[PDB]
Amino acid sequence: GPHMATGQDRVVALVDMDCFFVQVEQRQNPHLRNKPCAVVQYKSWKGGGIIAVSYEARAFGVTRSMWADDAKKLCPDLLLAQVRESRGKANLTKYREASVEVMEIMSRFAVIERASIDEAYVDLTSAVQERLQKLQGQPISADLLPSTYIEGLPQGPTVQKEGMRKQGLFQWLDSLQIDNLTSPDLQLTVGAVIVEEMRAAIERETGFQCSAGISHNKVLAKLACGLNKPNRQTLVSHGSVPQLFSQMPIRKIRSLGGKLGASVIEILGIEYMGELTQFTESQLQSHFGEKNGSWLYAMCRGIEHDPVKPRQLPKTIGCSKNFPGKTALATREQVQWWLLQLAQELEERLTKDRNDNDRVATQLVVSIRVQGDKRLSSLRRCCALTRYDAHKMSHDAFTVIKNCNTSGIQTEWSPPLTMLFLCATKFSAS
DNA sequence: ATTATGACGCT
DNA sequence: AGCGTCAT
Ligand SMILES: Nc1nc2c(ncn2[C@H]2C[C@H](O)[C@@H](COP(=O)(O)NP(=O)(O)OP(=O)(O)O)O2)c(=O)[nH]1
Ligand SMILES: [Mn+2]
Ligand SMILES: [Mn+2]
């Protein structure tokens, strides 16, 4: 009862850019704005593979992973922007630089955890305590939450999307106890006011729109963020969780989309996240291991303790390229040439990283995939990264992988390589 | 020929 | 250290 801690200590937000690479290209090229648009990598094979899709194009059924030729079948007026190519491969530098723009704005409001190229978590607990101090018990006006949805509201006792949003927000605000600076619902509401400000700052200073989730932990904030995309933010309160999870497919929760979520569904004979509540912590640990079991036991009650890590920069810097089918590398000259191309891109990114961020990588991880292997990596080998020199890095990568060539002939490579991947890791402050 | 990465758990 | 999982 009273000692039953409900994981409402923290205010956590997740901010995720809407169709991010598309917005980067639309900012650069106004002709693409407010159009069905997608971003593609490469062109020759089936028109290139789509990795980002404007919401106008999603209305026609265009999705990531679709070949552009097929997307064009669904949406003949679809506009396409191609990722830059450098040294024979896709080069994502434009999107990484845009990402840095956004992350630097978010960092003004709180310490962030960079979780991908286009999203970050924010622990707003302290900023909320400050804004509550300033408010002096003053209520929160709906005018301060102009793009906020309250998940699960309105309820009970209407035809337009914005009208529904405002109805739900009024029900939420009317029920708020603003004299209690420790009410979790009030704390989430103040967090949402701050996130409105953060999102306004991002759009004003970059031209990019984003969505956001506000809840008591990272998993709920991420899920909330997705609920009302694009260009809106969603507050998922602790109290909204039973209804939200009652019909929430297990796979929708981050980390349960793969084999583990399939095993939850199959072993327990359930479909929805809320059904997990009927099992004891020990039962879940017995099926899914001690860590997963404890995580599931708390998560189906809306509780998760994973902290917002103070980390604005990526932990690794890596370069990869596939060589599918008849393009797989089957000679020693080919392997050396592409290792050098990857290594030159890596050198460039690493030198820029060192100048910006006062750190140096110390370990180089070489990953390859060999033909006829379905796994992502067929083999991973690490070596020391002592100089930011592409020729040295590619020579060392070759040295650590060259024992994989089963060809007796010196010139040929067998079986051919369908993937090369260089990753710089283990950063030290320089 | 669902590509380019990046985080993280496991042993 | 090297592999597997989840991601998108
Ligand atoms: N190279 C590469 N980039 C990718 C891939 N998948 C995504 N990206 C890039 C392109 C994406 O723009 C970006 C961010 O990924 P999201 O947040 O998952 N999708 P978005 O922001 O587009 O739309 P939404 O409004 O639904 O959040 O990552 C991929 O498989 N490969
Ligand atoms: Mn996004
Ligand atoms: Mn994202």
# chains A, B, ... in the order shown; residues from 1 in each chain; ligands from 1
>>> interface_residues(of="chain A", to="chain B", cutoff="9 Å", atoms="only C-alpha atoms (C1' of nucleotides)", output="number ranges by chain")
A: 41, 45-46, 49, 51, 64-67, 90, 92, 115-116, 314-325
>>> interface_residues(of="chain A", to="chain C", cutoff="8 Å", atoms="only C-alpha atoms (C1' of nucleotides)", output="list in words")
residues 255, 257, 258, 380 and 381 of chain A
>>> residues_near_ligand(ligand="ligand 2", cutoff="7 Å", atoms="only C-alpha atoms (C1' of nucleotides) and all ligand atoms", output="short mmCIF file (atom, residue, chain, number, x, y, z; two decimals) with N, CA, C and O atoms, in the first residue's frame")
data_model
loop_
_atom_site.label_atom_id
_atom_site.label_comp_id
_atom_site.auth_asym_id
_atom_site.auth_seq_id
_atom_site.Cartn_x
_atom_site.Cartn_y
_atom_site.Cartn_z
N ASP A 16 11.81 13.45 -30.17
CA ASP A 16 12.20 12.75 -31.41
C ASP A 16 11.80 13.60 -32.61
O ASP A 16 10.63 13.96 -32.73
N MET A 17 12.76 13.84 -33.48
CA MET A 17 12.50 14.71 -34.65
C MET A 17 11.54 14.01 -35.61
O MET A 17 11.67 12.82 -35.83
N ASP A 18 10.61 14.77 -36.16
CA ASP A 18 9.65 14.20 -37.12
C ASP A 18 10.37 13.96 -38.45
O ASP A 18 11.06 14.86 -38.89
N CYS A 19 10.16 12.79 -39.07
CA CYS A 19 10.77 12.41 -40.36
C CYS A 19 12.09 13.14 -40.62
O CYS A 19 12.21 13.91 -41.57
N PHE A 20 13.09 12.86 -39.78
CA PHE A 20 14.21 13.78 -39.57
C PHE A 20 15.00 14.06 -40.86
O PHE A 20 15.19 15.23 -41.23
N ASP A 118 18.44 11.29 -33.98
CA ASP A 118 17.37 12.29 -34.01
C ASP A 118 16.54 12.30 -32.74
O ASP A 118 15.44 12.86 -32.74
N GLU A 119 17.04 11.74 -31.64
CA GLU A 119 16.24 11.81 -30.42
C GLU A 119 17.13 11.74 -29.20
O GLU A 119 18.23 11.15 -29.24
#
>>> residues_around(residues="range 25-36 of chain A", least_positions_apart="6", cutoff="12 Å", atoms="only C-alpha atoms (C1' of nucleotides)", output="PyMOL selection string")
chain A and resi 19+52-63+71-72+74-84+94-95+98+203+206-209
>>> write_last_selection(atoms="N, CA, C and O atoms", output="short mmCIF file (atom, residue, chain, number, x, y, z; two decimals), in the first residue's frame")
data_model
loop_
_atom_site.label_atom_id
_atom_site.label_comp_id
_atom_site.auth_asym_id
_atom_site.auth_seq_id
_atom_site.Cartn_x
_atom_site.Cartn_y
_atom_site.Cartn_z
N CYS A 19 10.16 12.79 -39.07
CA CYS A 19 10.77 12.41 -40.36
C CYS A 19 12.09 13.14 -40.62
O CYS A 19 12.21 13.91 -41.57
N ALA A 52 13.62 7.44 -44.80
CA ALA A 52 12.81 8.46 -44.14
C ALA A 52 11.71 8.94 -45.08
O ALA A 52 11.94 9.06 -46.28
N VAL A 53 10.52 9.23 -44.52
CA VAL A 53 9.29 9.44 -45.28
C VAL A 53 8.48 10.58 -44.66
O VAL A 53 8.12 10.51 -43.48
N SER A 54 8.19 11.63 -45.45
CA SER A 54 7.34 12.70 -44.94
C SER A 54 5.93 12.17 -44.66
O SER A 54 5.49 11.18 -45.22
N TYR A 55 5.23 12.86 -43.76
CA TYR A 55 3.89 12.40 -43.36
C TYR A 55 2.89 12.46 -44.52
O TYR A 55 2.00 11.60 -44.63
N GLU A 56 3.08 13.42 -45.43
CA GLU A 56 2.28 13.45 -46.65
C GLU A 56 2.48 12.18 -47.47
O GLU A 56 1.52 11.66 -48.06
N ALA A 57 3.72 11.69 -47.57
CA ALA A 57 3.98 10.46 -48.32
C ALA A 57 3.52 9.22 -47.57
O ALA A 57 3.12 8.24 -48.20
N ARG A 58 3.57 9.24 -46.23
CA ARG A 58 3.08 8.10 -45.45
C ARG A 58 1.61 7.88 -45.69
O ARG A 58 1.13 6.75 -45.59
N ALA A 59 0.86 8.96 -45.96
CA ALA A 59 -0.55 8.82 -46.28
C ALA A 59 -0.82 7.94 -47.51
O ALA A 59 -1.93 7.40 -47.64
N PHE A 60 0.15 7.82 -48.43
CA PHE A 60 0.04 6.95 -49.59
C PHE A 60 0.55 5.55 -49.34
O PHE A 60 0.50 4.71 -50.26
N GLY A 61 1.03 5.26 -48.14
CA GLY A 61 1.58 3.97 -47.79
C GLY A 61 3.07 3.83 -47.92
O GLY A 61 3.59 2.72 -47.79
N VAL A 62 3.79 4.93 -48.19
CA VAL A 62 5.24 4.85 -48.33
C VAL A 62 5.85 4.67 -46.95
O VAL A 62 5.47 5.37 -46.00
N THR A 63 6.81 3.74 -46.83
CA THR A 63 7.45 3.44 -45.56
C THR A 63 8.96 3.34 -45.72
O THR A 63 9.48 3.13 -46.82
N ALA A 71 7.80 2.53 -53.96
CA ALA A 71 7.16 3.70 -53.39
C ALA A 71 6.48 4.53 -54.47
O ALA A 71 5.37 5.05 -54.27
N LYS A 72 7.16 4.69 -55.61
CA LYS A 72 6.61 5.46 -56.72
C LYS A 72 5.36 4.82 -57.29
O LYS A 72 4.51 5.50 -57.88
N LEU A 74 3.19 3.49 -55.34
CA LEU A 74 2.10 3.93 -54.45
C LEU A 74 1.81 5.41 -54.55
O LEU A 74 0.68 5.85 -54.26
N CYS A 75 2.82 6.19 -54.93
CA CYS A 75 2.77 7.65 -54.85
C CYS A 75 3.57 8.21 -56.02
O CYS A 75 4.76 8.53 -55.89
N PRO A 76 2.96 8.31 -57.20
CA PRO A 76 3.74 8.65 -58.41
C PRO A 76 4.38 10.03 -58.36
O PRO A 76 5.40 10.26 -59.03
N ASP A 77 3.82 10.96 -57.59
CA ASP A 77 4.39 12.29 -57.43
C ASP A 77 5.35 12.38 -56.26
O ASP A 77 5.71 13.50 -55.87
N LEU A 78 5.74 11.25 -55.67
CA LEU A 78 6.68 11.28 -54.55
C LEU A 78 7.96 11.97 -54.96
O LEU A 78 8.54 11.66 -56.00
N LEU A 79 8.41 12.91 -54.14
CA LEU A 79 9.70 13.54 -54.36
C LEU A 79 10.76 12.81 -53.55
O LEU A 79 10.48 12.28 -52.47
N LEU A 80 11.97 12.75 -54.09
CA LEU A 80 13.05 11.98 -53.48
C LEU A 80 14.30 12.83 -53.33
O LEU A 80 14.70 13.53 -54.28
N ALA A 81 14.93 12.76 -52.17
CA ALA A 81 16.26 13.30 -51.97
C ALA A 81 17.21 12.15 -51.66
O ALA A 81 16.86 11.26 -50.87
N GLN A 82 18.38 12.15 -52.30
CA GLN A 82 19.37 11.09 -52.09
C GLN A 82 20.40 11.52 -51.06
O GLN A 82 20.87 12.66 -51.08
N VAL A 83 20.78 10.58 -50.20
CA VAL A 83 21.91 10.78 -49.31
C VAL A 83 23.18 11.00 -50.13
O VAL A 83 23.36 10.41 -51.19
N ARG A 84 24.04 11.88 -49.63
CA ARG A 84 25.33 12.12 -50.29
C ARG A 84 26.13 10.83 -50.41
O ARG A 84 26.04 9.93 -49.57
N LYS A 94 25.66 15.34 -43.30
CA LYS A 94 24.68 16.42 -43.22
C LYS A 94 23.69 16.19 -42.08
O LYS A 94 23.34 17.13 -41.34
N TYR A 95 23.26 14.94 -41.90
CA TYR A 95 22.27 14.60 -40.87
C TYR A 95 22.91 14.57 -39.50
O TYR A 95 22.27 14.96 -38.51
N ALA A 98 23.14 18.30 -38.55
CA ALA A 98 21.81 18.75 -38.13
C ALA A 98 21.45 18.22 -36.75
O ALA A 98 20.86 18.94 -35.91
N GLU A 203 12.29 24.41 -33.00
CA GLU A 203 11.71 24.80 -34.29
C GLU A 203 12.14 26.21 -34.68
O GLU A 203 12.44 26.47 -35.85
N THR A 206 16.08 26.00 -35.64
CA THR A 206 16.53 25.09 -36.70
C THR A 206 15.57 24.98 -37.85
O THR A 206 15.99 24.55 -38.93
N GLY A 207 14.30 25.33 -37.66
CA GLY A 207 13.24 25.07 -38.62
C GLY A 207 12.71 23.66 -38.62
O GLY A 207 11.86 23.34 -39.45
N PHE A 208 13.21 22.80 -37.72
CA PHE A 208 12.81 21.40 -37.66
C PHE A 208 11.71 21.23 -36.62
O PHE A 208 11.79 21.79 -35.52
N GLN A 209 10.70 20.44 -36.96
CA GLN A 209 9.65 20.08 -36.03
C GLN A 209 9.94 18.74 -35.38
O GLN A 209 10.59 17.86 -35.96
#
>>> atom_distance(atom1="CA of residue 217 in chain A", atom2="CA of residue 24 in chain A")
29.0 Å
>>> atom_distance(atom1="CA of residue 425 in chain A", atom2="CA of residue 379 in chain A")
16.8 Å
>>> select_by_dssp(residues="range 58-229 of chain A", states="strand (DSSP E)", output="list in words")
residues 79, 80, 81, 82, 85, 86, 89, 90, 112, 113, 114, 115, 116, 119, 120, 121, 122, 123, 148, 149, 150, 210, 211, 212, 213, 214 and 215 of chain A
>>> decode(residues="chain B", atoms="N, CA and C atoms (P, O5', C5', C4', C3', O3' and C1' of nucleotides)", output="compact mmCIF listing (two decimals), in the first residue's frame")
# COMPACT_ATOMS: atom_id res chain seq x y z
P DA B 1 21.65 -10.67 -51.60
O5' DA B 1 21.19 -9.14 -51.71
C5' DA B 1 20.89 -8.39 -50.53
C4' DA B 1 19.86 -7.31 -50.84
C3' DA B 1 18.56 -7.82 -51.45
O3' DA B 1 17.51 -6.98 -51.08
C1' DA B 1 19.71 -6.50 -53.04
P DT B 2 16.33 -7.53 -50.15
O5' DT B 2 16.32 -6.52 -48.90
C5' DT B 2 15.61 -5.29 -48.98
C4' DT B 2 16.31 -4.24 -48.15
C3' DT B 2 17.52 -4.77 -47.40
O3' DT B 2 18.57 -3.79 -47.34
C1' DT B 2 15.83 -4.11 -45.84
P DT B 3 20.00 -4.11 -48.02
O5' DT B 3 20.86 -2.79 -47.74
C5' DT B 3 21.01 -1.77 -48.73
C4' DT B 3 21.61 -0.53 -48.09
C3' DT B 3 22.98 -0.75 -47.48
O3' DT B 3 23.72 0.44 -47.56
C1' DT B 3 21.47 -0.17 -45.78
P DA B 4 25.19 0.54 -46.93
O5' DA B 4 25.00 1.45 -45.65
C5' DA B 4 24.47 2.75 -45.77
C4' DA B 4 24.52 3.46 -44.44
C3' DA B 4 25.85 3.33 -43.70
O3' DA B 4 26.10 4.54 -43.00
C1' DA B 4 24.11 2.37 -42.38
P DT B 5 27.48 4.77 -42.23
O5' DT B 5 27.34 3.75 -41.04
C5' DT B 5 27.66 4.12 -39.82
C4' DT B 5 26.45 4.06 -38.95
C3' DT B 5 26.80 4.00 -37.50
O3' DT B 5 26.58 5.28 -36.99
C1' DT B 5 24.96 2.54 -38.10
P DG B 6 27.61 5.95 -35.99
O5' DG B 6 27.02 5.50 -34.56
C5' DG B 6 25.65 5.72 -34.27
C4' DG B 6 25.14 4.72 -33.26
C3' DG B 6 26.16 4.28 -32.21
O3' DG B 6 25.92 5.01 -31.02
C1' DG B 6 24.67 2.55 -32.89
P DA B 7 26.63 4.61 -29.64
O5' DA B 7 25.56 3.65 -28.94
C5' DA B 7 24.24 4.12 -28.72
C4' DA B 7 23.44 3.11 -27.91
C3' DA B 7 24.14 2.61 -26.65
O3' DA B 7 23.21 2.53 -25.60
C1' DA B 7 23.57 0.77 -28.04
P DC B 8 23.70 2.36 -24.08
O5' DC B 8 23.60 0.78 -23.84
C5' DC B 8 22.37 0.13 -24.09
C4' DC B 8 22.56 -1.36 -24.11
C3' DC B 8 23.48 -1.91 -23.00
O3' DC B 8 22.77 -2.89 -22.31
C1' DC B 8 23.96 -2.89 -25.08
P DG B 9 23.13 -3.32 -20.81
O5' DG B 9 22.72 -4.85 -20.85
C5' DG B 9 21.60 -5.23 -21.64
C4' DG B 9 21.64 -6.70 -21.97
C3' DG B 9 22.30 -7.57 -20.91
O3' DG B 9 21.67 -8.82 -20.90
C1' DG B 9 23.53 -7.72 -22.92
P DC B 10 22.14 -9.96 -19.86
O5' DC B 10 23.08 -10.88 -20.73
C5' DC B 10 22.57 -11.56 -21.83
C4' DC B 10 23.58 -12.55 -22.33
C3' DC B 10 24.28 -13.37 -21.24
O3' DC B 10 24.25 -14.73 -21.63
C1' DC B 10 25.89 -12.29 -22.62
P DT B 11 24.64 -15.90 -20.59
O5' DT B 11 26.17 -16.17 -20.91
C5' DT B 11 26.51 -16.73 -22.14
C4' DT B 11 28.00 -16.86 -22.25
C3' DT B 11 28.68 -17.38 -20.98
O3' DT B 11 29.71 -18.32 -21.32
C1' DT B 11 29.64 -15.36 -21.61
